[PDB]
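As structure tokens, the structure follows; a few thoughts come after it.
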Amino acid sequence: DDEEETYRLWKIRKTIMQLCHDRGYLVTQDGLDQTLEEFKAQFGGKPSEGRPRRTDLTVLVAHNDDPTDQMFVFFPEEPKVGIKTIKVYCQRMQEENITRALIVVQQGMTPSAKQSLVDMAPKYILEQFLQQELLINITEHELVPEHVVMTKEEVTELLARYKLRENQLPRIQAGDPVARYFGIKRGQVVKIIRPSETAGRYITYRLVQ
Amino acid sequence: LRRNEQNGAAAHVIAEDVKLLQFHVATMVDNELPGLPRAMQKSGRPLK
Amino acid sequence: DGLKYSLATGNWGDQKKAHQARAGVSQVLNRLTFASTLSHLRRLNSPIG
DNA sequence: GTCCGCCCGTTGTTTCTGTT
DNA sequence: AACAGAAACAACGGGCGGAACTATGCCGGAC
RNA sequence: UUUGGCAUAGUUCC
């Protein structure tokens with residue numbers, strides 16, 4: 001229904017706003033907190049034959065440390081994103097001089113498109129997120145402790161302090177849900193902060209590999 | 001097999017003997033392959 | 001020899017094929033007490049593993 | 001002294017779509 | 001039209017408690 | 001003051 005489609009689009013947008021806020025990009029409080037009626041008013045309460053058509057919802061936002069480093073959040077209108085769609089998006093990124101971009105998919109992407117996304121990794125960074133994976137924020141679930149991405153400086157200092165080689169840390173897969181949420185590549189180290197029953201707090205470290 | 005390959009065979013005795021030696025060596029290594037003759041020596045007791 | 005062997009060992013079958021032969025028939029009679037003897041002579045068995 | 005009973009990790013086979 | 005990436009189903013193989021104490025039969029056959 | 005093994009059955013204790 002139109003109400004359900006508006007609701008899904010609004011929830012996806014809200015989760016992506018939270019994702020960008022966690023990733024350090026600059027999203028304002030009003031953008032973060034939109035009511036369903038406010039979103040209906042601003043960008044159409046009728047999706048079918050209406051203003052919101054999985055386009056004009058694309059988000060361009062600049063990182064808090066560099067306005068030159070910006071990210072896109074594209075909404076393909078096709079249930080199966082294809083090679084030509086990926087090429088169109090990469091062309092738009094090239095013309096706007098944008099390095100990173102997110103892509104929310106209706107149902108899925110063909111393996112050819114996924115490999116054509118992987119191939120241009122040093123040139124461009126693009127990530128695929130399903131429509132179902134963003135209706136909720138996995139970070140807010142109580143089973144998920146807080147994750148903090150650590151800078152290379154923090155990593156070096158930690159390794160020197162404990163006299164550890166990076167082989168000797170616990171690991172976390174690059175396909176992990178939270179790892180994809182934070183957009184972490186191999187070789188980065190995340191920090192886990194969680195309360196403890198016997199100490200009151202315990203900070204762990206995980207290596208993305 | 002040495003004697004046969006010295007004195008000349010009938011192009012199939014050599015192959016059968018090669019297969020038999022292969023079976024004996026394989027059963028010496030492991031005597032539990034699926035679908036094998038399961039070599040025994042006496043009284044029907046399989047080897048070790 | 002066939003009857004004597006099958007009764008002596010308990011492997012119910014031919015000697016050459018004592019692999020699938022069901023062992024556990026023809027046990028040696030218990031003689032610790034008269035009750036032991038009687039309860040041995042009146043005994044059943046379920047071949048379940 | 002010679003001959004003769006249940007579970008579930010791998011790998012295959014086959015199939016079904018995407019690109020050019 | 002040819003090729004290639006990913007997946008459903010089928011077949012195969014290894015895995016299955018810990019100790020201890022008695023007894024009995026047998027370890028190739030013909031010539 | 002010298003050393004057999006394979007299999008099967010029964011029994012004890014958790």
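How things are named: the first chain in the structure tokens is A, the next is B, and so on; residues count from 1 in each chain; ligands count from 1 in the order shown.
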Quiz prompt | Polymer residues at most 12 Å from residue A:65, only C-alpha atoms (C1' of nucleotides), same-chain spacing of 2 or more positions, as a PyMOL selection string | solution = chain A and resi 23-26+61-63+67-70
Stretch 21-106 of chain A: which residues are strand (DSSP E or B) by DSSP, as a tab-separated table (two decimals) with N, CA and C atoms, in the first residue's frame?
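Written out: out_13.tsv:
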```
chain	number	residue	atom	x	y	z
A	25	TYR	N	30.00	11.65	9.37
A	25	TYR	CA	29.55	12.69	8.45
A	25	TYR	C	28.59	13.64	9.17
A	59	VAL	N	21.25	11.27	-1.04
A	59	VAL	CA	21.81	12.13	0.00
A	59	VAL	C	23.27	12.39	-0.31
A	60	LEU	N	23.65	13.66	-0.31
A	60	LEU	CA	25.04	14.08	-0.44
A	60	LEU	C	25.44	14.84	0.81
A	61	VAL	N	26.48	14.37	1.49
A	61	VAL	CA	26.87	14.89	2.79
A	61	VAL	C	28.39	14.86	2.91
A	62	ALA	N	28.93	15.84	3.63
A	62	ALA	CA	30.37	16.04	3.74
A	62	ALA	C	30.87	15.66	5.12
A	63	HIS	N	32.02	14.98	5.16
A	63	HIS	CA	32.61	14.53	6.41
A	63	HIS	C	33.03	15.72	7.28
A	66	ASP	N	36.62	16.89	6.57
A	66	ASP	CA	36.94	17.34	5.23
A	66	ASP	C	35.68	17.52	4.41
A	67	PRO	N	35.29	18.76	4.08
A	67	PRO	CA	34.18	18.95	3.14
A	67	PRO	C	34.49	18.43	1.75
A	68	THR	N	35.76	18.21	1.41
A	68	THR	CA	36.11	17.65	0.11
A	68	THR	C	35.79	16.17	0.01
A	69	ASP	N	35.85	15.44	1.13
A	69	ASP	CA	35.51	14.02	1.16
A	69	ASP	C	34.03	13.89	1.47
A	70	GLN	N	33.25	13.44	0.49
A	70	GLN	CA	31.81	13.36	0.60
A	70	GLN	C	31.33	11.99	0.14
A	71	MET	N	30.11	11.66	0.52
A	71	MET	CA	29.54	10.35	0.23
A	71	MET	C	28.15	10.50	-0.36
A	72	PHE	N	27.79	9.59	-1.25
A	72	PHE	CA	26.46	9.53	-1.85
A	72	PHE	C	25.67	8.37	-1.26
A	73	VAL	N	24.35	8.53	-1.23
A	73	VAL	CA	23.44	7.45	-0.87
A	73	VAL	C	22.41	7.35	-1.99
A	74	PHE	N	22.63	6.42	-2.91
A	74	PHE	CA	21.78	6.29	-4.08
A	74	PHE	C	20.67	5.28	-3.84
A	80	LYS	N	16.47	-5.35	-9.57
A	80	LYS	CA	17.75	-6.00	-9.82
A	80	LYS	C	18.68	-4.98	-10.46
A	81	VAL	N	19.63	-4.46	-9.68
A	81	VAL	CA	20.55	-3.46	-10.21
A	81	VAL	C	21.53	-4.12	-11.17
A	100	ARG	N	33.18	8.03	-2.39
A	100	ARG	CA	32.42	6.95	-1.77
A	100	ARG	C	30.93	7.15	-1.99
A	101	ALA	N	30.20	6.04	-2.02
A	101	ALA	CA	28.76	6.09	-2.23
A	101	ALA	C	28.12	4.82	-1.68
A	102	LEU	N	26.90	4.97	-1.18
A	102	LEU	CA	26.07	3.85	-0.74
A	102	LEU	C	24.98	3.60	-1.77
A	103	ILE	N	24.53	2.34	-1.83
A	103	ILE	CA	23.51	1.93	-2.78
A	103	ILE	C	22.52	1.03	-2.05
A	104	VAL	N	21.29	1.49	-1.88
A	104	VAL	CA	20.24	0.69	-1.26
A	104	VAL	C	19.45	0.00	-2.36
A	105	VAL	N	19.34	-1.32	-2.26
A	105	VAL	CA	18.81	-2.15	-3.32
A	105	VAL	C	17.41	-2.63	-2.95
```
Quiz item: Nearest to residue E:6 among A:112, A:199, A:49, A:178, with distances taken over only C-alpha atoms (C1' of nucleotides): which residue is it?
Solution: A:112
Self-check item: Who sits within 12 Å of residue A:107, only C-alpha atoms (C1' of nucleotides), same chain under 2 positions skipped, as a list in words
Solution: residues 75, 76, 77, 78, 79, 80, 81, 103, 104, 105, 109, 110, 128, 129, 130, 131, 132 and 133 of chain A
Quiz item: Residues at most 12 Å from residue F:8, counting only C-alpha atoms (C1' of nucleotides), excluding those fewer than 3 positions away in the same chain, as a PyMOL selection string?
Solution: (chain C and resi 8-12+18-19+21-28) or (chain E and resi 23-26)
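Separating atom CA of residue A:46 from atom CA of residue A:6 is a distance of 7.2 Å.
Each of C:3, C:13, C:48, C:40 was compared to chain D using only C-alpha atoms (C1' of nucleotides), and C:48 turns out to be the nearest.
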Quiz item: Which neighbours of stretch 2-16 of chain D fall inside 10 Å, counting only C-alpha atoms (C1' of nucleotides), when residues of the same chain fewer than 6 positions from it are skipped, and could you give them as a PyMOL selection string?
Solution: (chain C and resi 48-49) or (chain E and resi 6-15+29-31)
Can you write out the residues you just picked, keeping C-alpha atoms (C1' of nucleotides), as a PDB file, in the first residue's frame?
```pdb
ATOM      1  CA  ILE C  48      18.862 -54.557  18.767  1.00  0.00           C
ATOM      2  CA  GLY C  49      22.318 -53.008  18.874  1.00  0.00           C
TER       3      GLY C  49
ATOM      4  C1'  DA E   6      25.655 -18.373  -8.080  1.00  0.00           C
ATOM      5  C1'  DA E   7      22.491 -21.860  -6.197  1.00  0.00           C
ATOM      6  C1'  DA E   8      19.275 -26.600  -5.285  1.00  0.00           C
ATOM      7  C1'  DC E   9      19.616 -31.120  -4.876  1.00  0.00           C
ATOM      8  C1'  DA E  10      22.202 -35.673  -4.351  1.00  0.00           C
ATOM      9  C1'  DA E  11      25.952 -38.719  -2.971  1.00  0.00           C
ATOM     10  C1'  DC E  12      29.909 -39.681   0.201  1.00  0.00           C
ATOM     11  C1'  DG E  13      32.492 -40.013   4.589  1.00  0.00           C
ATOM     12  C1'  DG E  14      33.515 -39.648   9.743  1.00  0.00           C
ATOM     13  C1'  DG E  15      31.828 -39.366  14.054  1.00  0.00           C
ATOM     14  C1'  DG E  29      43.498 -76.933   3.719  1.00  0.00           C
ATOM     15  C1'  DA E  30      45.336 -81.549   0.222  1.00  0.00           C
ATOM     16  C1'  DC E  31      48.166 -84.016  -1.889  1.00  0.00           C
TER      17       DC E  31
END
```
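Taking atom CA of residue A:150 as the reference point, atom CA of residue A:188 is found at 7.4 Å.
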